[PDB]
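Novice: For reference, the structure I am asking about is given below.
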Amino acid sequence: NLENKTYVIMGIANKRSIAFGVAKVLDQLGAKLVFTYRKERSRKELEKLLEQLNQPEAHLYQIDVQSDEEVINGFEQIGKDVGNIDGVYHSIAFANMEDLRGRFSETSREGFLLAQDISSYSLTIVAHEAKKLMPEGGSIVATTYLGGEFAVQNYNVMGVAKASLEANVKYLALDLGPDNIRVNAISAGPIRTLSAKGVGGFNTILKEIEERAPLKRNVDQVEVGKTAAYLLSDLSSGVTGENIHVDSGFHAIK
Amino acid sequence: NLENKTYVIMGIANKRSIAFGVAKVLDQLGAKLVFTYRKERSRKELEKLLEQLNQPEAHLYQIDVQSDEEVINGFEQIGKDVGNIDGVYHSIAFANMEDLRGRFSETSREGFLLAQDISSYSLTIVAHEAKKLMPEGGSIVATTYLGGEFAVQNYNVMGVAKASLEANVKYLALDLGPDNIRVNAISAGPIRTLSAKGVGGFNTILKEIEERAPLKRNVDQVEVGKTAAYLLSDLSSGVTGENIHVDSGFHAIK
Amino acid sequence: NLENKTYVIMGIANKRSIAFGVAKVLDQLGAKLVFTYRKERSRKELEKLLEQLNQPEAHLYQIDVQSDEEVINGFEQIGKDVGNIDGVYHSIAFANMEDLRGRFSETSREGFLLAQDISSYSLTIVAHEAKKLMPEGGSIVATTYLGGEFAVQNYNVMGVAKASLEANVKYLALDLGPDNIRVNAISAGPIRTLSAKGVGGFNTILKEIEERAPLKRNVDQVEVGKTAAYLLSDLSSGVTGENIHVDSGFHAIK
Amino acid sequence: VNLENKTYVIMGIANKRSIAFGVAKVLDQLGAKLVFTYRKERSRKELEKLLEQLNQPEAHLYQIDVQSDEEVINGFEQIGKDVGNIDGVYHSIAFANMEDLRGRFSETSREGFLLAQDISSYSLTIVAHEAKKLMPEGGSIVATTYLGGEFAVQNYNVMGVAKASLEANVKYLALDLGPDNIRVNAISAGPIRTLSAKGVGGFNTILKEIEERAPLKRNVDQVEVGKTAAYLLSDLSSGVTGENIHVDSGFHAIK
Ligand SMILES: NC(=O)c1ccc[n+]([C@@H]2O[C@H](COP(=O)([O-])OP(=O)(O)OC[C@H]3O[C@@H](n4cnc5c(N)ncnc54)[C@H](OP(=O)(O)O)[C@@H]3O)[C@@H](O)[C@H]2O)c1
Ligand SMILES: NC(=O)c1ccc[n+]([C@@H]2O[C@H](COP(=O)([O-])OP(=O)(O)OC[C@H]3O[C@@H](n4cnc5c(N)ncnc54)[C@H](OP(=O)(O)O)[C@@H]3O)[C@@H](O)[C@H]2O)c1
Ligand SMILES: NC(=O)c1ccc[n+]([C@@H]2O[C@H](COP(=O)([O-])OP(=O)(O)OC[C@H]3O[C@@H](n4cnc5c(N)ncnc54)[C@H](OP(=O)(O)O)[C@@H]3O)[C@@H](O)[C@H]2O)c1
Ligand SMILES: NC(=O)c1ccc[n+]([C@@H]2O[C@H](COP(=O)([O-])OP(=O)(O)OC[C@H]3O[C@@H](n4cnc5c(N)ncnc54)[C@H](OP(=O)(O)O)[C@@H]3O)[C@@H](O)[C@H]2O)c1
Ligand SMILES: CCCCCCc1ccc(Oc2ccc([N+](=O)[O-])cc2)c(O)c1
Ligand SMILES: CCCCCCc1ccc(Oc2ccc([N+](=O)[O-])cc2)c(O)c1
Ligand SMILES: CCCCCCc1ccc(Oc2ccc([N+](=O)[O-])cc2)c(O)c1
Ligand SMILES: CCCCCCc1ccc(Oc2ccc([N+](=O)[O-])cc2)c(O)c1
Ligand SMILES: N[C@@H](CCC(=O)O)C(=O)O
Ligand SMILES: N[C@@H](CCC(=O)O)C(=O)O
Ligand SMILES: N[C@@H](CCC(=O)O)C(=O)O
């Protein structure tokens, strides 16, 4: 029961977004939710999607995590509009198509730094800013993929960005631990989302989970959200710097 | 919420046992519990601690995991008395102090195989027998320690037993995943229990956790129980073959 | 260059044995080699395979690693016959087919402990006995497989023995380090040997390596010997508790 | 491991204490022809001096700042024209502002974080792309990392995230260049007293700890990194790619 808890959810694009998974779960559990989006199309979208939840009001803030100004000012406003928060769910990443579709060794500096910037550094600046609204502690969760731990064909620059995010989680966990802010990752399995269309080989990878993961099935947004509810609540007190694979056990087999 | 769920908890000895941590949490959550024990003295303790729980009746079985017949017959008896179950919490290990207190290179054969038998093989046979009571699926959690992942001074033959256990979780997760039985481990940080008393250097490790781990404090049995509630419930439905560290982040640092 | 170095090599059964690839590389680099075997038939294969070696003397010793007396007496006689040694190559494992070709959850107790005993404990006792012949330090290498790190379908009870063995290596490395004795693992890719004939689905794994491993080909016994050469020698002086994958990179992908 | 007729580019020597100069002494001793890249003229001057300790009949020295595509591209092309086809690269390059390093990790600047990624990780990707052109037949790329890439090590801060990137960069390059028979691997070196080591808060207290706690109860040195580099760069390690060999007295294996 997360009543009288407040969470910030970053990265809803549409009904299929992983973070809308996390949203439905936290909403059921009685949390108050604040949302951040990048472009005005995701906002309109968000307003329509919000009619599906028991949120008594719409708390929506624009934050492109490439802008410090936007992250700093975004969290300040949230603080003034909503008070201290209990946690942040980070569901944000980006890479060029031009770089995803080339050979990994053909990645451009610009593309490689862009993916680092949006997919890994954004968590550091978000963690620094969100800390200001968690004076009594809290919990921050980011969404990673198995390709940050292994080379997964086609995942290329994003995998190096996830490897980076996954260490970001460990260093934020160590840094923010004494302030009672826990930082953790969920490694989701493959899920059909807007961003997933930009990864070459996605369907083939869907099929191989079905055939090979211990549970012989794929996962969904809602199973990610249920694990997110654990990481964001007191149920996981004691757990920090952790990466929980929500992926039908595929991480455990070779 | 675990009303209408039944779990088996193996390996309460007294009030400081990790498994009694788990018991309190599950009981608070509405679960029906069944308890298994090896020594008479542990049943006496169980009978006393039950008075602190909401369990309307004692379901206690003697199962010494060195004996197939006891595991088979115990689980069969459980099925007759409470019907189908939804999972098992395994909190059992053992090694001769004469091995634990030696140089690892001096471990006796009989002592090494004794630690494997009780600390690891026991999970396999518990799972095979418990599966018959989970025709619809369920969840099995075993308790491990960091020493199965890295060589920790003084943990000696038990580290090799926990490495074995941790792989046993993985092979079971794979084997039983198609049956919808999830198998996971909790890697508990150090906690004062009766068994901790046989580990050379224990108190030293307690203090190195407070100083060095991200959260700057040790964990307790109830915090293991909250992560057990998570692994044992539908909250963790896409998670199998996993090892969740309940250790103040100590696992993520070096 | 290994002139005036003496290594013991355990586990040659025939010309296809991984340990015979080790033998060829070390024999070629100038090393003196001492060979241990179990079956009378491995001694005969050894007597015949010594002909294509530069070994001017056959030093063959019956050691079944199930017997403490055998390992203890055999190393004492080795020390008496060839003096102090520089290193041990461990290439020994065993499990019942009956346990191998079953679901892992059906593994017998006696099958589980047989595999732990020969495939892991053998290393702990060999290390202890061979430390006596390494007053100035040396190097000890064992052979593992990726299935000790992840649940590889059909590998079953041997995966759990290999996870055990890999912990054994780390715990020996920590214990024996102050004596300047280094202890490491080679994780070999799949290789057609006599023992590979007991693992189900070995041919389909061969195929999958070629299709998927970074190098798109399988490896061989010599390639293991070449890494054994490195680890047994001073080239690897700051390296212990390590697991080197000789597997075309397959460990590094998913 | 005899390396005549072999040629290795060695990036990142700044003085006699550099890890890369460990690598040099070893390969030079095993008969390798060696080519050396550097950023600051100061390091080139240092290279000219250290070359007198080596067996190298001629000095092959190239200025490559890995922040510039041009200098990496023209560097390697220029290399290929001077000495021909190469057998491998030892990448011994990293950087991050002290400014980001001696502060809280959560206080890391974007510019600083991206700088660390640029010099310490991305540089591997472009070096490999350009060095491939001189390896039509196969070879070996080795990069240098630190345990703080795998675990949050106190004070390593932004460099730890950069090393995680590097270690993944090794894995993705291995997969990609595997079928061209180029192996890509990392050495995870123990702490060593170098110029760069002076950037890291708490460096001396870690040296002490290794010596008290690491299996071998002593620290490692640059020649030890070199002997492993010689293994990774040679045919001794056919079969081995996408791997990270910890040359650190066993410290990685303990907790
Ligand atoms: N789907 C999968 O199979 C899978 C698996 C494992 C991990 N993940 C991870 O899960 C997370 C969510 O992705 P998804 O698959 O759920 O796809 P998604 O719905 O398309 O979400 C990606 C989100 O990132 C936001 N975003 C991108 N750049 C941003 C920026 N600079 N500033 C602010 N927001 C930005 C996008 O917002 P706008 O639309 O407003 O631009 C979008 O909401 C990502 O971290 C992804 O790497 C996904
Ligand atoms: N305390 C810690 O810091 C720590 C950390 C990580 C993991 N763990 C793990 O947690 C689990 C429980 O340990 P604990 O610390 O809670 O200590 P504990 O209270 O002493 O419990 C150990 C239990 O194991 C049972 N057991 C031993 N051999 C058995 C056998 N042959 N058959 C059936 N049961 C047997 C004991 O039963 P009887 O007394 O009836 O014989 C006892 O109830 C163990 O796996 C341990 O490795 C402990
Ligand atoms: N082939 C592969 O794909 C593969 C992959 C990864 C790791 N490995 C490992 O490589 C090592 C060698 O196996 P292999 O593949 O080379 O097959 P192998 O040629 O059949 O060698 C197996 C050896 O184990 C010895 N052995 C078994 N039980 C013993 C005992 N109780 N006492 C003493 N020696 C005993 C056998 O000796 P006898 O014949 O005299 O009984 C035989 O020499 C093993 O550890 C195996 O797990 C193999
Ligand atoms: N010492 C250790 O304890 C340790 C441990 C683990 C890993 N490492 C790694 O080992 C590698 C070598 O460092 P080291 O300890 O030997 O220190 P070092 O002697 O200071 O060498 C660092 C080298 O990096 C070069 N460099 C930095 N930025 C560059 C750029 N933009 N373009 C081209 N070259 C650049 C420097 O060249 P200039 O001086 O000419 O600019 C210098 O030669 C680094 O990757 C470091 O992260 C070191
Ligand atoms: C080789 C196939 C691997 C399957 C991929 C699993 C997965 C799917 C979508 C993922 O989310 C992404 C992917 C790309 C971008 N983008 O390019 O901007 C943003 C977010 C993901 O991380 C992870
Ligand atoms: C030197 C390591 C210090 C931390 C160890 C933490 C720990 C404490 C108790 C633990 O539980 C044990 C230990 C020993 C035995 N026994 O000898 O029978 C049974 C169960 C444990 O796994 C792990
Ligand atoms: C399903 C995985 C297929 C690849 C297996 C690679 C491999 C091959 C042989 C292997 O070596 C042995 C040695 C003995 C026994 N046995 O006695 O049953 C079994 C295996 C191995 O460990 C590992
Ligand atoms: C608390 C950690 C102590 C151990 C660190 C060992 C180590 C030493 C030097 C290291 O090399 C570096 C470090 C920093 C910079 N820089 O600030 O530009 C450049 C290269 C290193 O990676 C790694
Ligand atoms: N070395 C002491 C440490 C005390 C403790 O266990 O914490 C012992 O063996 O008892
Ligand atoms: N299926 C046979 C042969 C191996 C294969 O075809 O994969 C076995 O399990 O022994
Ligand atoms: N913290 C020291 C580094 C080495 C130490 O004294 O532990 C410094 O200010 O650079």
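Chains: A, B, ... in order of the structure tokens. Residues: from 1 per chain. Ligands: from 1, in order shown.
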Identify, on the basis of only C-alpha atoms, every residue whose closest approach to residue D:237 does not exceed 9 Å; exclude the query and any residue fewer than 3 positions from it along the same chain; express the result as a PyMOL selection string.

Specialist: (chain C and resi 223-224+226-227+230+246) or (chain D and resi 231-234+240-241)

Novice: Would you mind listing what lies within 8 Å of stretch 38-51 of chain B as an NGL selection string, with only C-alpha atoms counted and same-chain residues fewer than 6 positions away left out?

Specialist: :B and (11-15 or 58 or 60 or 62-65)

Novice: Deliver the residues from the most recent selection as a file, using N, CA and C atoms, as a tab-separated table (two decimals), in the first residue's frame.

Specialist:
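For reference, result-v2.tsv as written:
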chain	number	residue	atom	x	y	z
B	11	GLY	N	13.49	-24.19	8.42
B	11	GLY	CA	14.73	-23.84	9.10
B	11	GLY	C	14.62	-22.67	10.06
B	12	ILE	N	13.51	-22.53	10.77
B	12	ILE	CA	13.54	-21.80	12.04
B	12	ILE	C	14.17	-22.63	13.18
B	13	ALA	N	15.17	-22.06	13.86
B	13	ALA	CA	15.67	-22.67	15.12
B	13	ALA	C	15.25	-21.89	16.36
B	14	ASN	N	15.22	-20.56	16.25
B	14	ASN	CA	14.88	-19.66	17.35
B	14	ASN	C	14.43	-18.30	16.82
B	15	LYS	N	14.30	-17.32	17.70
B	15	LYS	CA	13.73	-16.04	17.28
B	15	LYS	C	14.66	-15.21	16.41
B	58	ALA	N	-0.82	-24.58	14.56
B	58	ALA	CA	0.52	-25.09	14.34
B	58	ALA	C	0.50	-26.17	13.26
B	60	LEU	N	3.47	-28.18	12.02
B	60	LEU	CA	4.91	-28.41	12.22
B	60	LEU	C	5.30	-29.80	11.79
B	62	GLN	N	8.80	-32.51	11.22
B	62	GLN	CA	10.22	-32.76	11.35
B	62	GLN	C	10.70	-33.20	9.99
B	63	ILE	N	11.57	-32.41	9.38
B	63	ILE	CA	12.23	-32.84	8.17
B	63	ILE	C	13.71	-32.51	8.30
B	64	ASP	N	14.52	-33.55	8.36
B	64	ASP	CA	15.96	-33.42	8.27
B	64	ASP	C	16.42	-33.66	6.83
B	65	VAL	N	16.91	-32.61	6.19
B	65	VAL	CA	17.10	-32.65	4.75
B	65	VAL	C	18.24	-33.57	4.30

Novice: Neighbouring residues of residue A:29 were defined as those with any atom within 8 Å, considering only C-alpha atoms; residues of the same chain fewer than 6 positions away were excluded. Please report them as a VMD selection string.

Specialist: chain A and resid 1 to 3

Novice: Set the cut-off to 6 Å and count only C-alpha atoms: what are the residues of chain D that reach chain C? Output as a list in words.

Specialist: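 Going by the stated atoms only, the list reads residues 175, 178, 179, 215, 216, 227, 236, 239, 240, 241, 242, 247, 248, 249, 250 and 253 of chain D.
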
Novice: As an MDAnalysis selection string, please: every protein or nucleic acid residue near ligand 5 (cut-off 7 Å, counting only C-alpha atoms and all ligand atoms).

Specialist: chainID A and resid 92:97 100 144:145 152:155 158 189:191 193 195:196 198:202 205

Novice: Do you know which residues are within 7 Å of ligand 4 using only C-alpha atoms and all ligand atoms? Can you write them as an NGL selection string?

Specialist: :D and (11-15 or 17-20 or 38-43 or 64-67 or 92-95 or 119-120 or 144-146 or 188-197)

Novice: Could you please write out, as an MDAnalysis selection string, every residue of stretch 35-224 of chain B that DSSP assigns to alpha helix (DSSP H)?

Specialist: chainID B and resid 40:49 68:82 97:100 109:116 122:131 156:176 202:212 221:224

Novice: Near residue B:54, within 10 Å and counting only C-alpha atoms, which residues show up once chain neighbours fewer than 3 positions away are dropped, as a list in words?

Specialist: residues 24, 27, 28, 29, 30, 31, 32, 33, 50, 51 and 57 of chain B

Novice: Go ahead and write the residues just picked, N, CA, C and O atoms, as a tab-separated table (two decimals), in the first residue's frame.

Specialist:
chain	number	residue	atom	x	y	z
B	24	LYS	N	7.31	-13.93	10.17
B	24	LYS	CA	6.61	-12.75	10.69
B	24	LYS	C	6.00	-11.94	9.55
B	24	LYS	O	4.86	-11.46	9.67
B	27	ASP	N	3.22	-13.86	7.81
B	27	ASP	CA	2.08	-14.03	8.68
B	27	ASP	C	1.28	-12.72	8.74
B	27	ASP	O	0.08	-12.72	8.54
B	28	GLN	N	2.00	-11.61	8.92
B	28	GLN	CA	1.44	-10.26	8.87
B	28	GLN	C	0.63	-10.06	7.59
B	28	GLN	O	-0.34	-9.31	7.56
B	29	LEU	N	1.04	-10.74	6.52
B	29	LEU	CA	0.44	-10.54	5.20
B	29	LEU	C	-0.78	-11.45	4.95
B	29	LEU	O	-1.42	-11.36	3.89
B	30	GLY	N	-1.12	-12.29	5.92
B	30	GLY	CA	-2.30	-13.13	5.82
B	30	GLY	C	-2.05	-14.56	5.37
B	30	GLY	O	-3.01	-15.32	5.24
B	31	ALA	N	-0.80	-14.93	5.09
B	31	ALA	CA	-0.49	-16.28	4.62
B	31	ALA	C	-0.78	-17.32	5.69
B	31	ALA	O	-0.67	-17.04	6.89
B	32	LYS	N	-1.10	-18.53	5.24
B	32	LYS	CA	-1.07	-19.69	6.12
B	32	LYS	C	0.35	-20.24	6.04
B	32	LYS	O	0.92	-20.27	4.95
B	33	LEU	N	0.92	-20.64	7.18
B	33	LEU	CA	2.29	-21.16	7.20
B	33	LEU	C	2.38	-22.57	7.76
B	33	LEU	O	1.65	-22.95	8.67
B	50	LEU	N	5.19	-19.35	17.59
B	50	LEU	CA	3.84	-19.39	17.05
B	50	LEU	C	2.86	-18.53	17.84
B	50	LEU	O	1.89	-18.03	17.27
B	51	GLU	N	3.12	-18.37	19.13
B	51	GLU	CA	2.26	-17.58	20.00
B	51	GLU	C	2.27	-16.11	19.63
B	51	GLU	O	1.30	-15.39	19.90
B	57	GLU	N	-3.46	-22.33	13.63
B	57	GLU	CA	-2.93	-23.59	14.10
B	57	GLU	C	-1.48	-23.80	13.71
B	57	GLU	O	-0.96	-23.21	12.75

Novice: If we count only C-alpha atoms, what is near residue C:125 at a cut-off of 9 Å, once residues fewer than 2 positions away on the same chain are taken out, given as a PyMOL selection string?

Specialist: (chain B and resi 105-109) or (chain C and resi 65+68+71-72+121-123+127-130)

Novice: Output the selection as a PDB file, in the first residue's frame - N, CA, C and O atoms for each residue.

Specialist:
ATOM      1  N   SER B 105      42.125 -24.908   2.165  1.00  0.00           N
ATOM      2  CA  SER B 105      42.868 -25.971   1.499  1.00  0.00           C
ATOM      3  C   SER B 105      42.914 -27.241   2.346  1.00  0.00           C
ATOM      4  O   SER B 105      43.259 -28.323   1.828  1.00  0.00           O
ATOM      5  N   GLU B 106      42.530 -27.136   3.621  1.00  0.00           N
ATOM      6  CA  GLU B 106      42.595 -28.304   4.515  1.00  0.00           C
ATOM      7  C   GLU B 106      41.244 -28.988   4.752  1.00  0.00           C
ATOM      8  O   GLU B 106      41.165 -29.999   5.445  1.00  0.00           O
ATOM      9  N   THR B 107      40.192 -28.470   4.125  1.00  0.00           N
ATOM     10  CA  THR B 107      38.840 -29.033   4.233  1.00  0.00           C
ATOM     11  C   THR B 107      38.834 -30.533   3.971  1.00  0.00           C
ATOM     12  O   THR B 107      39.376 -30.983   2.952  1.00  0.00           O
ATOM     13  N   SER B 108      38.243 -31.291   4.893  1.00  0.00           N
ATOM     14  CA  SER B 108      38.069 -32.740   4.734  1.00  0.00           C
ATOM     15  C   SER B 108      37.053 -33.009   3.644  1.00  0.00           C
ATOM     16  O   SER B 108      36.067 -32.276   3.510  1.00  0.00           O
ATOM     17  N   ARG B 109      37.254 -34.106   2.926  1.00  0.00           N
ATOM     18  CA  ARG B 109      36.254 -34.625   1.983  1.00  0.00           C
ATOM     19  C   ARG B 109      34.854 -34.796   2.590  1.00  0.00           C
ATOM     20  O   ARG B 109      33.903 -34.215   2.073  1.00  0.00           O
TER      21      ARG B 109
ATOM     22  N   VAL C  65      40.958 -39.651  -7.794  1.00  0.00           N
ATOM     23  CA  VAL C  65      40.758 -38.520  -6.867  1.00  0.00           C
ATOM     24  C   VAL C  65      39.586 -38.693  -5.902  1.00  0.00           C
ATOM     25  O   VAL C  65      39.351 -37.836  -5.047  1.00  0.00           O
ATOM     26  N   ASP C  68      41.581 -40.282  -0.846  1.00  0.00           N
ATOM     27  CA  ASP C  68      42.566 -39.438  -0.211  1.00  0.00           C
ATOM     28  C   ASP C  68      43.957 -40.077  -0.244  1.00  0.00           C
ATOM     29  O   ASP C  68      44.944 -39.396  -0.544  1.00  0.00           O
ATOM     30  N   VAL C  71      45.670 -39.673  -3.807  1.00  0.00           N
ATOM     31  CA  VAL C  71      46.159 -38.329  -4.021  1.00  0.00           C
ATOM     32  C   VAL C  71      47.336 -38.043  -3.095  1.00  0.00           C
ATOM     33  O   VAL C  71      48.366 -37.559  -3.558  1.00  0.00           O
ATOM     34  N   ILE C  72      47.206 -38.371  -1.810  1.00  0.00           N
ATOM     35  CA  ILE C  72      48.310 -38.169  -0.866  1.00  0.00           C
ATOM     36  C   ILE C  72      49.536 -39.008  -1.259  1.00  0.00           C
ATOM     37  O   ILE C  72      50.629 -38.476  -1.356  1.00  0.00           O
ATOM     38  N   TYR C 121      35.754 -31.322  -5.289  1.00  0.00           N
ATOM     39  CA  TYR C 121      36.569 -31.553  -4.106  1.00  0.00           C
ATOM     40  C   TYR C 121      37.965 -32.025  -4.538  1.00  0.00           C
ATOM     41  O   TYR C 121      38.961 -31.626  -3.923  1.00  0.00           O
ATOM     42  N   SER C 122      38.042 -32.796  -5.623  1.00  0.00           N
ATOM     43  CA  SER C 122      39.343 -33.316  -6.052  1.00  0.00           C
ATOM     44  C   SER C 122      40.365 -32.189  -6.115  1.00  0.00           C
ATOM     45  O   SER C 122      41.525 -32.389  -5.763  1.00  0.00           O
ATOM     46  N   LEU C 123      39.914 -30.979  -6.410  1.00  0.00           N
ATOM     47  CA  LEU C 123      40.871 -29.880  -6.570  1.00  0.00           C
ATOM     48  C   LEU C 123      41.434 -29.412  -5.230  1.00  0.00           C
ATOM     49  O   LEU C 123      42.612 -29.058  -5.147  1.00  0.00           O
ATOM     50  N   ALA C 127      45.318 -29.647  -4.364  1.00  0.00           N
ATOM     51  CA  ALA C 127      46.020 -28.398  -4.060  1.00  0.00           C
ATOM     52  C   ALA C 127      46.805 -28.527  -2.754  1.00  0.00           C
ATOM     53  O   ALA C 127      48.036 -28.278  -2.712  1.00  0.00           O
ATOM     54  N   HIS C 128      46.139 -29.099  -1.751  1.00  0.00           N
ATOM     55  CA  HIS C 128      46.791 -29.358  -0.489  1.00  0.00           C
ATOM     56  C   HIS C 128      48.032 -30.255  -0.621  1.00  0.00           C
ATOM     57  O   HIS C 128      49.078 -30.018   0.014  1.00  0.00           O
ATOM     58  N   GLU C 129      47.932 -31.304  -1.435  1.00  0.00           N
ATOM     59  CA  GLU C 129      49.043 -32.257  -1.487  1.00  0.00           C
ATOM     60  C   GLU C 129      50.151 -31.701  -2.362  1.00  0.00           C
ATOM     61  O   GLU C 129      51.345 -31.901  -2.093  1.00  0.00           O
ATOM     62  N   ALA C 130      49.755 -31.033  -3.438  1.00  0.00           N
ATOM     63  CA  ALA C 130      50.762 -30.445  -4.288  1.00  0.00           C
ATOM     64  C   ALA C 130      51.393 -29.188  -3.700  1.00  0.00           C
ATOM     65  O   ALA C 130      52.528 -28.900  -4.040  1.00  0.00           O
TER      66      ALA C 130
END
